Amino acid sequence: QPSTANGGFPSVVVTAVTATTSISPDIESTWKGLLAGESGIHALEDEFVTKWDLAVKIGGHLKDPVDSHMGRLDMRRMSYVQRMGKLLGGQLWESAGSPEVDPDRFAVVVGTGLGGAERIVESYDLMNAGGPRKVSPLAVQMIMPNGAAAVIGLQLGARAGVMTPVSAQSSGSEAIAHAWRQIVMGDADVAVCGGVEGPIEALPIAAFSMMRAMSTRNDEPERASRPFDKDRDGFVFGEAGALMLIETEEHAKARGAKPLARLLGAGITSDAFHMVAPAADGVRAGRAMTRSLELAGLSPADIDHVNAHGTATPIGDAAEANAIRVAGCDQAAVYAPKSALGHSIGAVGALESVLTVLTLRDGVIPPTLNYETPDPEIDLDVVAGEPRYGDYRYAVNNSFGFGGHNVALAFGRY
């Protein structure tokens, strides 16, 4: 029975990470902010909020907007998730030391929730106003949801496959799972993986608001996202994109890269319960966690830390507490980063996987913000108030998505 622990799968390490967030464009600065209790969530100052008088008037825009780094041709030839992909792909490579790798052993797996959807609406308006010849010859390649992964693949020269798993809010973690499978199956030795997502805009706010999923605590934006708290009232948008570089331990050693963590195993399951509510019992979600432990070669008692999906809906957080119990991981120290960074949909599982790596690298879990009144249906060890220090040696990052998708990633200290 192959596991990582028993040498049945090659050892896979994380050797570089990059992310842009509502706190900082610099992941090390985001991480210092989080440990200091900073939130990226503010009053939205966009004119679209007053134009439409939106019920939701809070969110975290990126600290450093993607397009301040894009030249004239990038703005007219890529959709926004493609520009974010290019920006992060170059940062990651530079952070990695700009390695010269074998392109034929180099894969890219990048998830996103939707793709270049603004170009859909642009092409629709252009054609309605001026006919079919007003549609750009670039529209197809900007719009297609594999667009961002493909821009990264072209940019960095990856020829062992470029893949885009889409599973709504779990896409960013699912991508890192498929990258790990591609390596252990022997299709690649090195992979860039993670997730990108669009910015906060009026139409996405309108659509999730009609699901009654979003916090409307507009008077205290930094207090609004309260995962696992008794007084939680839904999620808050917080923009992000994140990528990491993973490679076999052999490949990293040959080029002198210092690992940040190990990526030990991944589990994907599905609920077959409901399209937009997680099964309350957490059973299939718990089993995604268990399967990541089986592939890693770990037991539940090994898991020191869980990085919760923790969206701060009443229903979502209760199902996830039940899933953590099913997996036997409810004595782990838990963090819910959406408390501070909000929800970035297709990117967020990637961002939170990067945070999980940093917890293992640095031996610390940031405080979950706004965690003030424990909820008795949630009987979890939620880290709050101040950071929790410790010699953490194994952690699980959870992500789930509309459609019933459950993804868990098992990481270890290097």
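Note that residue numbering follows the sequence shown and begins at 1.
**Q** Tell me which stretch has the larger mean Cα B-factor in this entry, 32 to 40 or 374 to 382.
**A** Between 374 to 382 and 32 to 40, it is 374 to 382 that shows the higher mean C-alpha B-factor.
**Q** So 19 to 27 or 396 to 404, which one's hotter by mean CA B-factor in the entry?
**A** Higher mean C-alpha B-factor: 19 to 27.
**Q** Sorting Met144, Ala168, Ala179, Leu260 by Cα temperature factor from the record, which one lands on top?
**A** Reading the PDB entry, the winner on C-alpha B-factor is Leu260.
**Q** Looking at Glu294, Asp271, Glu239, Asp304, which one carries the largest C-alpha B-factor according to the PDB entry?
**A** When the deposited C-alpha B-factors of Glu294, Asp271, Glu239, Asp304 are compared, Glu294 is largest.
**Q** Could you place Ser68 in the lowest, middle or highest third of its chain by Cα temperature factor, using the values in the record?
**A** Its C-alpha B-factor, which the entry lists for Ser68, ranks in the highest third among residues of this chain.
**Q** Among the chain's modelled residues, which third holds the C-alpha B-factor of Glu201?
**A** Middle third - that is where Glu201 ends up once the chain's C-alpha B-factors are sorted.
**Q** Consider only the C-alpha atoms of the modelled residues in this chain, order them by B-factor as the entry records it, and name the third containing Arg388: lowest, middle or highest.
**A** It belongs to the middle third of the chain when residues are ordered by C-alpha B-factor.
**Q** Can you tell me which third, lowest, middle or highest, the CA B-factor of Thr50 falls into for its chain?
**A** Within its chain, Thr50 is a highest-third residue by C-alpha B-factor, going by the deposited values.
**Q** Using the temperature factors of the C-alpha atoms in this entry, rank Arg232 within its chain: lowest, middle or highest third.
**A** Middle third by C-alpha B-factor.
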